[PDB]
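Topology and contacts: notes
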Amino acid sequence: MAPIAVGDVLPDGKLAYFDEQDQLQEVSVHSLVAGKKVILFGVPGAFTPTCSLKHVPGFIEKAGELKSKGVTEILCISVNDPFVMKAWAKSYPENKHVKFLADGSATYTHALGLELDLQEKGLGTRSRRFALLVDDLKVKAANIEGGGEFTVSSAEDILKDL
């Protein structure tokens with residue numbers, strides 16, 4: 001696939017997470033995003049430095065501002081399994097609004113055209129870093145990095161065009 005772009009319809013797919021009683025759930029992407037304005041941001045890896053100290057904290061810190069400007073859900077996707085994503089979410093006890101979603105087989109990431117080859121670096125195939133603004137399945141903003149750098153995909157850069 002070519003990278004998803006502004007004006008495209010967001011594809012469906014299945015993502016995994018733990019519920020409040022600590023049970024494994026798997027739901028569709030459209031079950032979390034249809035009929036509403038959302039942000040979906042992608043990271044190359046749970047527990048990696050840029051993702052963990054810069055990219056995710058930006059969303060937690062700006063969540064209030066973003067929700068006051070119409071955002072109804074803020075979803076973080078990674079090519080990691082839901083066991084790892086549960087441990088990663090627990091490292092942010094401060095976080096009430098970011099949902100951590102698991103695409104650990106990279107299926108949804110390839111449907112977005114956002115696969116990234118990190119074989120040499122020791123992470124296998126992951127997602128490119130990115131942030132999308134999506135309003136009832138229509139992509140309104142698509143801020144997509146080449147690889148895992150951090151230049152266009154911050155919370156601040158989605159906020160500024162809301």
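Counting of residues begins from 1 for each chain and follows its sequence as written, which need not mirror the entry numbering; any residue without coordinates is not displayed. Excluding hydrogens and water, the side-chain figures rest on all heavy atoms present in the structure.

**Brief notes about the overall build of the protein**
Only runs of H or I of at least four residues qualify as helices and only runs of E of at least two qualify as strands under DSSP, and these elements are numbered from the N terminus. Within the protein one finds five helices and nine strands. For the protein, the α and β elements follow one another from N to C terminus as β-β-α-β-α-β-α-β-α-β-β-β-β-α. Values of the radius of gyration come from C-alpha atoms, whereas the globule rule sets the reference at 2.2 Å times the count of residues to the power 0.38. Rg of the C-alpha trace for the protein: 14 Å, near the compact-globule value of 15 Å for 162 residues, within the 12% margin. The rule is simple: take the accessible area with a 1.4 Å probe, protein chains only, and divide by the maximum for that residue type; under 20% is buried, over 50% is exposed, in between is partly exposed. The buried share of the protein, reckoned over its 162 residues, is 48%.

**Digging into helix α2 (residues 49-68)**
Multiplying one less than the number of residues by 1.5 Å gives the expected span of a helix. Taking 1.5 Å of rise per residue, 20 residues should cover 28 Å, and α2 covers 29 Å from first to last C-alpha, within 8% of that figure. Two axes enter the definition of the bend at a residue: one is fitted to the seven residues ending there, the other to the seven starting there, and the bend is the angle between them. At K62, α2 shows its maximal kink, close to 55°. Residues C51, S52, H55, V56, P57, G58, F59, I60, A63 and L66 constitute the buried set of α2. As for α2, its buried residues are in contact with β3 (37-43), β4 (73-78), α3 (82-90), β5 (98-102), β8 (130-135) and α5 (155-159). Any two residues whose heavy atoms approach within 4.5 Å are treated as being in contact.

**Observations regarding the UniProt feature "active site" (unreviewed entry) in the protein**
Those places that UniProt annotates as "active site" (unreviewed entry) correspond, in this numbering, to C51. With respect to the helices and strands, the residue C51 is situated in helix α2. Here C51 falls in the buried class, since its relative accessible area comes to 0%. The residues touching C51, leaving out its near neighbours within four places in the chain, are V43, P44, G45, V56, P57, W88, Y92 and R129. UniProt positions are given in the numbering used here, feature names are shortened, and annotations may be inferred rather than shown by experiment.

**Considerations on the nonpolar core**
Within the largest apolar cluster, 26 residues are counted, with the highest numbers of intra-cluster contacts made by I39, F41, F59, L66, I74 and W88. Broken down by secondary-structure element, the contributors of at least two residues to this core are β3, α2, β4, α3, β5, β8 and α5. Of the residues forming this core, the biggest block, six residues, is contributed by α2. Throughout, nonpolar core names a set of buried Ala, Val, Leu, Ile, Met, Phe, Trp, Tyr and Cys residues whose side chains join them through atoms within 4.5 Å.

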